[PDB]
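**Student:** Please see the structure below; I have some questions.
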Amino acid sequence: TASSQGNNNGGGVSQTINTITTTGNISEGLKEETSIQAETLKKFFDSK
Amino acid sequence: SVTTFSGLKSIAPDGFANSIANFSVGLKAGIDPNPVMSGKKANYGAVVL
Amino acid sequence: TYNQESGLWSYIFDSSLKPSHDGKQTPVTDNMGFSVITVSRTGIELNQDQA
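Chains as they are written, first to last, in the authors' numbering: chain A, 1157 to 1204; chain B, 603 to 651; chain C, 702 to 752.
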């Protein structure tokens, strides 16, 4: 019910996030040399 | 007779007597004017002495 | 200063900023003049082409 609060009306415009050639580069979370790839990706995600 | 701080010899040209304590000054950023590939955003760096 | 057209940083040194006296309390006499250091970028910058 009305306990959700926020805007009563508030229709309008939505826009996707900004992007650059670096966006989606995860090369430090990809590949392996010590462990299993999901675990180094988990370390790479935890600080981010 | 290994050389230590009390005996280290400075020839420091950059206006400091001492030749052991680092210093830094005038950090400044700037947008590269050099075009980047379309759908990527303008590059920027900074430098500091 | 940075200038966006040149993509170049100008570092201004003014020798009027030197102190009046030494640690031995000797008048400092090279307190006249100034100097400019120009910094530019070097290397392959991000997002030139797919590479």
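By construction, the Cβ of each residue, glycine as well, lies at the ideal position given by its N, Cα and C atoms.
#1: In the stretch 1168 to 1179 of chain A, which residues sit with their C-beta less than 9 Å from some C-beta in chain B, listed in chain order?
#2: Using DSSP's beta-bridge definition, name the partner residues of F735 of chain C.
#3: Out of A:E1195, A:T1175, A:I1176 and A:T1177, which one is the CA nearest neighbour of residue 1117 of chain A?
#4: For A1194 of chain A, report the span of its alpha helix (DSSP H) as first-last.
#5: Measuring straight from C-alpha to C-alpha, what distance separates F1200 of chain A and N1181 of chain A?
#6: Determine the contact status of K643 of chain B and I1173 of chain A, defining contact as a CB-CB distance below 7 Å.
#7: With a Cβ-Cβ cutoff of 7 Å, do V740 of chain C and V650 of chain B count as a contact?
#8: Taking CB distances under 7 Å as the criterion, tell me whether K630 of chain B reaches chain C.
**Tutor:** Based on what the coordinates show:
#1: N1174, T1175, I1176, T1177, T1178 and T1179
#2: As a position in the third sequence, residue 735 of chain C is number 34, starting the count at 1. DSSP output for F735 of chain C lists C:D715 as bridge partner(s).
#3: Missing from the structure shown is residue 1117 of chain A; chain A here goes from 1157 to 1204 and no further.
#4: Residue mapping note: residue 1194 of chain A aligns to position 38 of the first sequence, counting from 1. Run containing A1194 of chain A: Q1193 to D1202, per the alpha helix (DSSP H) assignment.
#5: In the first sequence, residue 1200 of chain A corresponds to position 44, counting from 1. In the first sequence, residue 1181 of chain A corresponds to position 25, counting from 1. Cα-Cα distance, rounded: 12 Å.
#6: Counting from one through the second sequence, the residue named residue 643 of chain B turns up at place 41. Counting from one through the first sequence, the residue named residue 1173 of chain A turns up at place 17. Contact flag unset, no.
#7: The count along the third sequence starts at 1 and reaches residue 740 of chain C at position 39. The count along the second sequence starts at 1 and reaches residue 650 of chain B at position 48. No, the pair does not count as a contact, with Cβ atoms beyond the cut-off.
#8: Here residue 630 of chain B corresponds to residue number 28 of the second sequence, with the count starting at 1. Chain C, which has a Cβ nearer than 7 Å to the Cβ of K630 of chain B, makes this yes.
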